[PDB]
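Trainee: One file: start38.cif (mmCIF, C-alpha atoms).
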data_run
loop_
_atom_site.group_PDB
_atom_site.id
_atom_site.type_symbol
_atom_site.label_atom_id
_atom_site.label_comp_id
_atom_site.auth_asym_id
_atom_site.auth_seq_id
_atom_site.Cartn_x
_atom_site.Cartn_y
_atom_site.Cartn_z
ATOM 1 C CA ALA X 292 64.112 164.782 111.819
ATOM 2 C CA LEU X 293 65.465 167.875 109.973
ATOM 3 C CA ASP X 294 68.963 169.138 111.002
ATOM 4 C CA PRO X 295 71.420 168.039 113.785
ATOM 5 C CA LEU X 296 70.521 171.252 115.585
ATOM 6 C CA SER X 297 66.826 170.380 115.149
ATOM 7 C CA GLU X 298 67.351 166.929 116.706
ATOM 8 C CA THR X 299 69.380 168.406 119.600
ATOM 9 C CA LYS X 300 66.781 171.087 120.546
ATOM 10 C CA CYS X 301 64.053 168.398 120.186
ATOM 11 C CA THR X 302 65.981 166.033 122.536
ATOM 12 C CA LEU X 303 66.132 168.630 125.378
ATOM 13 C CA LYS X 304 62.688 170.031 124.345
ATOM 14 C CA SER X 305 63.905 173.687 124.397
ATOM 15 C CA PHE X 306 64.156 176.304 121.633
ATOM 16 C CA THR X 307 67.499 177.455 123.103
ATOM 17 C CA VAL X 308 70.474 175.000 123.109
ATOM 18 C CA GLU X 309 73.335 176.289 125.268
ATOM 19 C CA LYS X 310 76.906 175.771 124.112
ATOM 20 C CA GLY X 311 77.985 172.176 124.596
ATOM 21 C CA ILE X 312 77.821 168.656 123.205
ATOM 22 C CA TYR X 313 74.569 166.679 123.522
ATOM 23 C CA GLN X 314 74.071 162.951 122.827
ATOM 24 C CA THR X 315 70.792 162.865 120.918
ATOM 25 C CA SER X 316 70.280 159.482 119.234
ATOM 26 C CA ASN X 317 72.015 156.484 117.655
ATOM 27 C CA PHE X 318 72.877 155.615 114.035
ATOM 28 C CA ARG X 319 72.532 152.220 112.369
ATOM 29 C CA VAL X 320 72.910 151.267 108.712
ATOM 30 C CA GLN X 321 69.614 149.870 107.490
ATOM 31 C CA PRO X 322 70.065 146.771 105.302
ATOM 32 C CA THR X 323 70.000 147.005 101.530
ATOM 33 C CA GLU X 324 69.102 143.472 100.501
ATOM 34 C CA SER X 325 68.659 140.164 102.367
ATOM 35 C CA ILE X 326 70.189 136.674 101.726
ATOM 36 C CA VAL X 327 67.840 133.959 103.009
ATOM 37 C CA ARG X 328 69.395 130.566 102.250
ATOM 38 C CA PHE X 329 67.916 127.316 103.784
ATOM 39 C CA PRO X 330 69.334 123.692 103.178
ATOM 40 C CA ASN X 331 69.722 121.942 99.826
ATOM 41 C CA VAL X 332 66.564 119.721 99.932
ATOM 42 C CA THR X 333 63.308 119.924 97.978
ATOM 43 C CA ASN X 334 61.383 116.669 98.484
ATOM 44 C CA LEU X 335 57.789 117.304 99.537
ATOM 45 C CA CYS X 336 56.623 116.186 102.975
ATOM 46 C CA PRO X 337 53.919 113.507 103.228
ATOM 47 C CA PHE X 338 51.175 115.611 104.895
ATOM 48 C CA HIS X 339 49.151 114.339 101.939
ATOM 49 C CA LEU G 727 94.576 155.580 144.561
ATOM 50 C CA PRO G 728 91.919 155.004 141.892
ATOM 51 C CA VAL G 729 91.006 158.149 139.986
ATOM 52 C CA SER G 730 88.482 156.984 137.407
ATOM 53 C CA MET G 731 86.508 154.060 136.017
ATOM 54 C CA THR G 732 85.596 152.990 132.506
ATOM 55 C CA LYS G 733 82.895 155.265 131.100
ATOM 56 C CA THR G 734 79.846 153.409 129.781
ATOM 57 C CA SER G 735 76.944 154.594 127.618
ATOM 58 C CA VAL G 736 74.602 151.596 127.591
ATOM 59 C CA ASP G 737 71.663 152.264 125.267
ATOM 60 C CA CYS G 738 68.116 151.239 126.136
ATOM 61 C CA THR G 739 66.557 150.576 122.764
ATOM 62 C CA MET G 740 69.386 148.438 121.343
ATOM 63 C CA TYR G 741 70.200 146.640 124.604
ATOM 64 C CA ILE G 742 66.627 145.619 125.383
ATOM 65 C CA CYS G 743 65.037 145.308 121.910
ATOM 66 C CA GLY G 744 67.549 144.442 119.213
ATOM 67 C CA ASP G 745 66.228 146.320 116.143
ATOM 68 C CA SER G 746 62.659 145.126 116.783
ATOM 69 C CA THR G 747 59.942 147.667 116.033
ATOM 70 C CA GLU G 748 57.219 145.988 118.105
ATOM 71 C CA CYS G 749 59.603 145.591 121.040
ATOM 72 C CA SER G 750 60.567 149.267 120.892
ATOM 73 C CA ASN G 751 56.896 150.233 120.657
ATOM 74 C CA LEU G 752 56.086 148.212 123.770
ATOM 75 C CA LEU G 753 59.139 149.682 125.510
ATOM 76 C CA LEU G 754 57.750 153.157 124.802
ATOM 77 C CA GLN G 755 54.815 152.099 126.997
ATOM 78 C CA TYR G 756 57.165 152.210 130.010
ATOM 79 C CA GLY G 757 57.501 155.981 129.730
ATOM 80 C CA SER G 758 60.716 157.866 130.379
ATOM 81 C CA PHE G 759 61.921 155.009 132.544
ATOM 82 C CA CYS G 760 65.306 154.630 130.895
ATOM 83 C CA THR G 761 66.045 158.144 129.698
ATOM 84 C CA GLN G 762 66.917 158.342 133.386
ATOM 85 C CA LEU G 763 69.407 155.532 132.760
ATOM 86 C CA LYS G 764 71.068 157.314 129.844
ATOM 87 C CA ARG G 765 71.191 160.533 131.870
ATOM 88 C CA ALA G 766 72.758 158.746 134.837
ATOM 89 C CA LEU G 767 75.425 157.097 132.688
ATOM 90 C CA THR G 768 76.228 160.427 131.026
ATOM 91 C CA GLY G 769 76.546 161.961 134.483
ATOM 92 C CA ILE G 770 78.899 159.165 135.508
ATOM 93 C CA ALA G 771 81.080 159.787 132.457
ATOM 94 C CA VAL G 772 81.238 163.530 133.096
ATOM 95 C CA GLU G 773 81.983 162.926 136.775
ATOM 96 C CA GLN G 774 84.866 160.594 135.900
#
The structure given in the file should be rewritten as structure tokens.

Mentor:
Amino acid sequence: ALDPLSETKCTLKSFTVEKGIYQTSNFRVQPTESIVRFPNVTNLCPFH
Amino acid sequence: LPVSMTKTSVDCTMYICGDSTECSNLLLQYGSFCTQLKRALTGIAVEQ
């Protein structure tokens, strides 16, 4: 998890990466914040 | 005469376990089952 070269060599598990292009992983944007919005009710249920 | 097909790069982790850590962990228990799949699809793309 250091440099692109580090991830490439790690993917093929070899200290020597020959010249080429190597698909190593995938990238996704982790969320910042999170909107949870439900309905517009509040009345308490009668489990009592 | 057909010459090529559409090149596909279906990804295991996302396709099978949509951003679910426990699902990916339990998928890791199947070994290098699907690294074979990614390798085969890459080979198909290069062959096309």

Trainee: With the PyMOL selection byres ((chain X) within 12 of (chain G)) as the selection, what would be picked from this file? Answer as a PyMOL selection string, please.

Mentor: chain X and resi 302-303+312-322

Trainee: Do you have the atom CA of residue 756 of chain G-atom CA of residue 772 of chain G distance handy?

Mentor: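 A separation of 26.8 Å between them.
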
Trainee: For the atom pair atom CA of residue 755 of chain G and atom CA of residue 297 of chain X, what is the interatomic distance in Å to one decimal place?

Mentor: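 Interatomic distance, atom CA of residue 755 of chain G to atom CA of residue 297 of chain X: 24.9 Å.
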
Trainee: Atom CA of residue 734 of chain G to atom CA of residue 771 of chain G: how many Å, to one decimal?

Mentor: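 Atom-to-atom, atom CA of residue 734 of chain G and atom CA of residue 771 of chain G are spaced 7.0 Å apart.
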
Trainee: Taking only C-alpha atoms into account, which of G:743, G:738, G:729, G:750 comes nearest residue 773 of chain G?

Mentor: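 The answer is G:729, which sits nearest to residue 773 of chain G.
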
Trainee: Around all of segment 727-740 of chain G's listed atoms, make the axis-aligned box with 6 Å on each side and tell me centre and edge lengths in Å to one decimal, as lines of an AutoDock Vina configuration file.

Mentor:
center_x = 80.6
center_y = 153.3
center_z = 133.0
size_x = 40.0
size_y = 21.7
size_z = 35.2

Trainee: Missing atoms in segment 744-756 of chain G: can you complete it with N, CA, C and O atoms, as a CSV table (one decimal), in the frame of the given file?

Mentor:
chain,number,residue,atom,x,y,z
G,744,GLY,N,66.7,144.4,120.4
G,744,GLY,CA,67.5,144.4,119.2
G,744,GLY,C,66.7,144.7,118.0
G,744,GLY,O,66.0,143.8,117.6
G,745,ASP,N,66.8,145.9,117.4
G,745,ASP,CA,66.2,146.3,116.1
G,745,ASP,C,64.9,145.7,115.9
G,745,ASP,O,64.6,145.2,114.8
G,746,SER,N,64.0,145.7,116.9
G,746,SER,CA,62.7,145.1,116.8
G,746,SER,C,61.6,146.2,117.0
G,746,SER,O,61.5,146.8,118.1
G,747,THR,N,60.9,146.6,116.0
G,747,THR,CA,59.9,147.7,116.0
G,747,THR,C,58.8,147.4,117.1
G,747,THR,O,58.5,148.4,117.8
G,748,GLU,N,58.3,146.2,117.1
G,748,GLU,CA,57.2,146.0,118.1
G,748,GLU,C,57.8,146.0,119.5
G,748,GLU,O,57.1,146.5,120.4
G,749,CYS,N,59.0,145.5,119.7
G,749,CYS,CA,59.6,145.6,121.0
G,749,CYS,C,59.9,147.0,121.5
G,749,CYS,O,59.6,147.4,122.6
G,750,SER,N,60.4,147.9,120.6
G,750,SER,CA,60.6,149.3,120.9
G,750,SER,C,59.2,150.0,121.2
G,750,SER,O,59.2,150.8,122.1
G,751,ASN,N,58.2,149.6,120.4
G,751,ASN,CA,56.9,150.2,120.7
G,751,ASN,C,56.4,149.9,122.0
G,751,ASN,O,55.8,150.7,122.8
G,752,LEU,N,56.6,148.6,122.5
G,752,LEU,CA,56.1,148.2,123.8
G,752,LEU,C,57.0,148.7,124.9
G,752,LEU,O,56.6,148.9,126.0
G,753,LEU,N,58.3,149.0,124.6
G,753,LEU,CA,59.1,149.7,125.5
G,753,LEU,C,58.7,151.1,125.7
G,753,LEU,O,58.9,151.7,126.8
G,754,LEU,N,58.2,151.8,124.7
G,754,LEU,CA,57.8,153.2,124.8
G,754,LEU,C,56.6,153.2,125.8
G,754,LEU,O,56.3,154.3,126.3
G,755,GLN,N,55.9,152.1,126.0
G,755,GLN,CA,54.8,152.1,127.0
G,755,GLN,C,55.3,152.2,128.4
G,755,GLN,O,54.5,152.3,129.3
G,756,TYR,N,56.6,152.1,128.7
G,756,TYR,CA,57.2,152.2,130.0
G,756,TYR,C,57.6,153.6,130.3
G,756,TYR,O,58.2,153.9,131.3
